[PDB]
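Next come the chains, spelled out residue by residue.
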Amino acid sequence: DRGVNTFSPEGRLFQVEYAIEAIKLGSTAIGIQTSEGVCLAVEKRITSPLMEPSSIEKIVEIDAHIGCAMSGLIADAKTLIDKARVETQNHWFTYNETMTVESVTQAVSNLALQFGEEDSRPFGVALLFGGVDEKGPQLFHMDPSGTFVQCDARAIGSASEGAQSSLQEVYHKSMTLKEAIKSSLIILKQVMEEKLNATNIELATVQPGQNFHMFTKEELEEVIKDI
Amino acid sequence: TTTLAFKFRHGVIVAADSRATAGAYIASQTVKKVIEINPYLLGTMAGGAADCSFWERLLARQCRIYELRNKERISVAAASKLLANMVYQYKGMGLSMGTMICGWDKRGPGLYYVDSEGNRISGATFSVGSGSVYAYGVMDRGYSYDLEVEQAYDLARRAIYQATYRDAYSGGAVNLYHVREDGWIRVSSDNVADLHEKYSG
Amino acid sequence: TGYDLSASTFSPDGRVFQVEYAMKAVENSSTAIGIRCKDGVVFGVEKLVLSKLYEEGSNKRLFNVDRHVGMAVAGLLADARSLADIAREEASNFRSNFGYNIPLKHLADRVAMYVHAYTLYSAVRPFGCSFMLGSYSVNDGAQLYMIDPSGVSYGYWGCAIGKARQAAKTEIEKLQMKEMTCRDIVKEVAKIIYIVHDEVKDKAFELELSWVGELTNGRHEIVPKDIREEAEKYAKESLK
Amino acid sequence: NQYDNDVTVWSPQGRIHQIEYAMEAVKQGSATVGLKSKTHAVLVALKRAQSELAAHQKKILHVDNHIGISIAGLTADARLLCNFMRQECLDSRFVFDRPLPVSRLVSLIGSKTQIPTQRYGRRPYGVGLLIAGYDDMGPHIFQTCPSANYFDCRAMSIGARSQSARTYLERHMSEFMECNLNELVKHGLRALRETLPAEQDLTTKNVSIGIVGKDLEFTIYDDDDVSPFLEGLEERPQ
Amino acid sequence: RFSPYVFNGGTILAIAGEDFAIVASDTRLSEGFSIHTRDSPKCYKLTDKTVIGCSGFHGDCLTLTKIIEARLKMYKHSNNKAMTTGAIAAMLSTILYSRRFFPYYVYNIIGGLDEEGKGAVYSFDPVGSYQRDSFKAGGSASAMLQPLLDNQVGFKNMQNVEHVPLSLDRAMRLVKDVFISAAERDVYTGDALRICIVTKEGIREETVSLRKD
Amino acid sequence: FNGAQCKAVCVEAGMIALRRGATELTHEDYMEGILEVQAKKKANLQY
Amino acid sequence: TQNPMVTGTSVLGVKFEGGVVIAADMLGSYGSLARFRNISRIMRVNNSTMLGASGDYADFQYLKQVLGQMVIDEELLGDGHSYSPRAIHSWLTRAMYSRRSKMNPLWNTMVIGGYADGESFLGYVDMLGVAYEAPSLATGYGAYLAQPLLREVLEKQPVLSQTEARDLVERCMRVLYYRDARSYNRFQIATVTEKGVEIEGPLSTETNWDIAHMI
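Residues numbered from 1 in each chain as written, not as in the entry; some residues may be left out. Chains lettered and ligands numbered in written order. Part of a larger assembly, values for the part shown. Heavy atoms only, no water. Residues with missing side-chain atoms left out of burial classes, pairs and counts.

S.K.: I'd like a description of the interface of chain C and chain G, backed by residues and values.
M.R.: Facing eight residues of chain C, the contacting portion of chain G comprises six residues. When the two sides are added together, the surface that chain C and chain G hide from each other amounts to roughly 510 Å², 43% of it contributed by carbon and sulfur. At the boundary of chain C and chain G, one finds zero salt bridges. At the surface where chain C touches chain G, the tally comes to two residue pairs in polar contact. (Contact = heavy atoms within 4.5 Å. Buried area = accessible area lost by both parts, 1.4 Å probe. Salt bridge = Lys/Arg side-chain N within 4 Å of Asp/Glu carboxyl O. Polar contact = N/O pair within 3.5 Å; in protein donor to acceptor, adjacent residues only side chain to side chain.)

S.K.: Go over the interface of chain A and chain D, please, and point to the residues and values.
M.R.: The interface is formed by 24 residues belonging to chain A together with 21 residues belonging to chain D. Elements represented by at least two residues in the side of chain A that touches chain D include exactly β5 (149–150) and α4 (160–170) of chain A. Grouping the amino acids of the side of chain A that touches chain D by side-chain chemistry returns seven nonpolar, twelve polar and five charged. (Helix = DSSP H or I, 4+ residues; strand = E, 2+ residues; numbered from the N terminus. Nonpolar A, V, L, I, M, F, W, Y, C, P; charged D, E, K, R; others polar.)

S.K.: Before we move on, can you summarise the sheet that holds strand β11 (residues 194–199) of chain E with the specific residues and values?
M.R.: Remark on secondary structure: sheet strands pair via backbone hydrogen bonds, oriented parallel or antiparallel. Residue and element names in this part refer to chain E. Taking strand neighbours across the sheet as the criterion, the five strands line up as β10-β1-β2-β11-β12 in an open arrangement whose pairing is antiparallel. If you trace the sheet from one side to the other, it starts and ends with β10 (135–139) and β12 (202–207), each paired once. Taking each pair of neighbouring strands and ignoring which way they run, the sheet shows an average axis angle of 15°. Strand direction decides the pairing type here: strand β1 (residues 11–16) and β10, joined by five bridges, are antiparallel. In the strand pairing of β10, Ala 14 is matched with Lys 136. Contacting β1, β2 (21–25), β11 and β12, helix α4 (residues 168–185) crosses the sheet at an angle of about 20° to β2. (Pairing = 2+ DSSP bridges. Axes fitted to C-alpha atoms, helices over the stretch in contact; angles between N-to-C directions.)

S.K.: Which residues make up a nonpolar patch on the surface, and what values do they have?
M.R.: On the surface, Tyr 90 and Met 93 of chain B together with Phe 101 of chain E cluster together into a nonpolar patch covering about 330 Å² of accessible area. Along the chain, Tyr 90 of chain B falls in the loop between α2 (76–88) and β6 (100–104). (Patch = residues over 30% accessible without salt bridge, like charges linked within 9 Å, V, L, I, M, F, W, Y side chains within 5 Å. Areas by Shrake-Rupley, 256 points an atom, 1.4 Å probe, with all protein chains shown as cover.)

S.K.: Before we move on, could you go through the UniProt feature "binding site: bortezomib" in chain B and cite the residues and values that matter?
M.R.: Those places that UniProt annotates as "binding site: bortezomib" correspond, in this numbering, to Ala 49 of chain B. By the secondary structure assignment, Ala 49 of chain B is in the loop between β5 (41–43) and α1 (50–70). (UniProt positions renumbered as here; feature names shortened; annotations may be inferred.)

S.K.: So what about the packing of aromatic side chains? Which residues, and what values?
M.R.: Pairs of aromatic rings are described using the distance from one ring centre to the other and the angle between the two planes. Summed over all chains, the structure comprises 31 aromatic pairs over all chains. Judged by centre distance (5.8 Å) and plane angle (25°), the rings of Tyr 177 of chain B and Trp 184 of chain B are stacked. Aromatic rings pair up to connect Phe 93 of chain A, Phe 54, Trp 55 and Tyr 90 of chain B together with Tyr 97 and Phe 101 of chain E into one cluster. Above the face of the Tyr 234 of chain C ring, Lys 187 of chain C is positioned so that its terminal group lies 5.1 Å from the ring centre. (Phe/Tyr/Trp six-rings, centres within 6.5 Å; stacked < 30°, edge-to-face > 60°. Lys NZ or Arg CZ within 6 Å of the ring centre and 35° of its normal.)

Set out below in structure tokens:
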């Protein structure tokens, strides 16, 4: 199978299936669409006390209303985040408006699976996209293979099976914001290994009336102590 | 076309006219000359509309990229420098552009002046345009550093009134912008004839 | 069995096995014959419907390269399409550079060099096609050529490309080929194609016949085969 | 089997197996059915999802004012040929100021997909195009293949378990030619309801229909002008 | 020598209403001291809420019209929705600067509806600036038409004259009167009038002749 | 469909009537064998 | 071409009921010397459209070659689809504009006449890319001289017959023979209908000079 330019006798992706396998080792993250707004969470998996917690990036800021989360390999995510930032600014250049999140993720998956060493390798990252377009809030999930789809509440990376199962247990269409936030961090502290405290996780919530500051900073402590 | 800017203790004052002629013929009366780059930057239009508009929009693009990469708001001198570096690459090919750069800094007030000839310089007072000398005259009459707010408003407004009263290439609405520590704030939009009735006596 | 991977390498006995394997690729393809008369060249291809999914008028192997030249390809179809485009391009250069119709020898030599150039290097494979080239001119008569997968290009009176390569030319050569005009040769090719493989391995086939010569005044097009309907009323008389 | 790795290598039986593997990669897409009348061409596909909560991955996508394609297989090559398709459409729409005939466009598609099937360094395109269009002579239903041997039909169906669909198309291809839009579309989904296992039924959110007409611009429909299309049925003969 | 430009002339008008944008233009195409035709409408209907007019050099007008149509189809076929008016204005400004150093000799006026359902006219210059104004007159008869619109639309230079909002049929009688009055003195104006009306319900057109000289 | 498949079909139908515990073989179970895995899988279907 | 060497002269074309007639003369003057007094200035494109031109004759030979090859290519596609005359008009307009954008213009003045699918077509292409439709075209000095006769009769009678059109073309070519310095008493009439494309022979004019017997 050795090589990105040879199919299988059956239906194997190989140069891509091994990437979809390479997603699974990363840290988990959970984003949930609600009509009130999109919330999002992640686990850092802090190793050392010297490991400064605010320097690890999982949620970065693409636009004033477009958030993100990464997975697995760090630097392919850095490449895609850099280019995604550049292209939304190009959209604002030629259109005086905000590139909507579906158009953002199509713009990413134009080259999210475009790996060619001649005429480079496929990328090793899963991405969770949340944003507020004209149609309200949106939650979006892509993959290394560019097979981009909308998801109402997608969970990635490690332990995503039980995350999806226990997520489909509690979720429905007419949920609220804070209920989904604590339902997410319940799933988090069922799938993490360490004690849930101020430094493990970080939230990212975007509202149509609260487009700015898609983050909660140590009021997250108050959210965790309410469980 | 006559713009001016001067900084003082309480931030920066920016005023401009709104007339943009075409030779001897006036096109419009309400040309918004002070191009709003950011919620913390204000660029102007000083010689040529399209050139100033394009290069300041591209500068705004670059500034937004810079902030989203560093999570830290750009300085004023860096933006003026980036504009001068982008403008210098077409020297001699016929660019007319004499804009001004204003904004608030970690250092505080910031006031730079970028030409199509690339004369990036700091300073405290500037004025660009055909009838800029009139504004220089009455402004360097009324200038100080310890001025009040309404004093500076009346100074700039009187200055632009004198400029449009004497010059032929100036007129239209008198804009007046005020750069603060937090962000810029539009003051008022006053017509020439209203100022003529008010200040003629 | 030892070294037959690259198209650049030789064998311990001195031949290129890539070219042989590409030559016998067209052997499994459909049977396509051709024959010329004293005032024209006639093509004919045994074409088969898959089961019932075709439309009888798709993917016609009878191409039309120049105003007076067309192909009668057999083998891999898309490779033949690309080669037909190259032949159209070569006739385009000749018409643009010299102001008159391309002689078939020069066209065949350029096409043979193009096919040979795809047989030379190791990055590319040899073609999997074998096709026919017919022509007619007022100062030249009728010319029918033939290009193998290797690039050996020379001339015939009659030929056959497909399974029944020998089994067509067994009874092609007993035709009195010189003394006939092509309007007899139409039903002759009809009976030759109709002889081979009525029902034995497959279920059903279908006939196409191309047509160039003096009767078209130098044009090349498919026959109105429905006009004079010359196969079936003689095909039903060719079973006895 | 050690000759069975690359596109360049001819087999000792002459069948380049990379082409066969690309065919088998096409065979694992979704089911889809396209069929035309004398005046209207209809292609109907089937949607799937990653999970229950997520939306369905779409198949019918727009190309041009009179051209629309179905798809099966890979999606990067799908969007690649989509961008090339739109590009060649707006190229001739710019230059000649006319809509394209469909046959020359699909010949350009075959010539496009020829190069990654002959040189070394690109893969054959896993792709499942079903093309509906309007030249001067009415509707056309073409299909492609990763071997670039494009076909013209009157009714085809590609994807998973699409053969029962083909049997239905065999036993109604004589009946297809006369009817107007509505029963034509319900013949299409009376192929799709046999492209499914019998223990579940075709709902709203999983089906998609795209009609192009001789006076009608190409238009995709989803659940709401499909709720009119889903009634007018009986149950399967259990 | 070969001159790359020629002055074809033409006259384009625009009026931004409360909920309508009227764009009208003559259909005379001339050159020097000749008449090429008496039917060439400068107006073009892009969407259901956007009409563009293009005067000046005609070949550049045709090229620019077709490029704008192509990018309209690119935005629609990429993002599942039509453009706004200001997006079309921004895109045209990007194009006009993208050929800065060999300019189109074309005046441009885009009329249309905004997203609030109100009239919006975005003018242009040959080099690529734009602004949202209430009325513009582009082409040869610009100076014959701007001060009268200053008198009627803007209600300028008047005393004790209140400001009534400009209705539709009043605007129709205005457009007909200003084209008659400008075609009396202009040499590049007459022989027809193509009036385009953009409402919240579609586009209406109307053909009113003029004097035949 | 080669012998083995068909043999696997009829044995499947036998064991299907055995599921309910029948005394006979219904063409329903025969069609079940016909429409069994047919030694075909699976799919994922995976993207 | 910066400097036109060998120029033609005026081309006349006018629609009628189900056809377009085009006539141009057969002169190849260089400067003032009528160097090539037997040349053909109308190409009969395949079966519907038809081309006539002015300006540099070599560029017309060039465009004859290119258009002939393109029409041959589409006819060898075998799809049953041809070029509409408006498509030819569009391609030629784009060709001239992209020619002149590179500051190397083709010195021509071309007339495209065609009849396809019930509707006639008569298009104009300038060197600068100026292109439009018209019920009657007149090039060179014809736009100064024979244009008002065309516009008189089309105002006096909006539709025409083939005979009236042919007689009017004969009169206009007579007038152009009277007072164009670059003109010649040998012309060919070309006509398209639904019956095909027809090029008539080298006709001539019947002149009058009875004013010369006056002082």
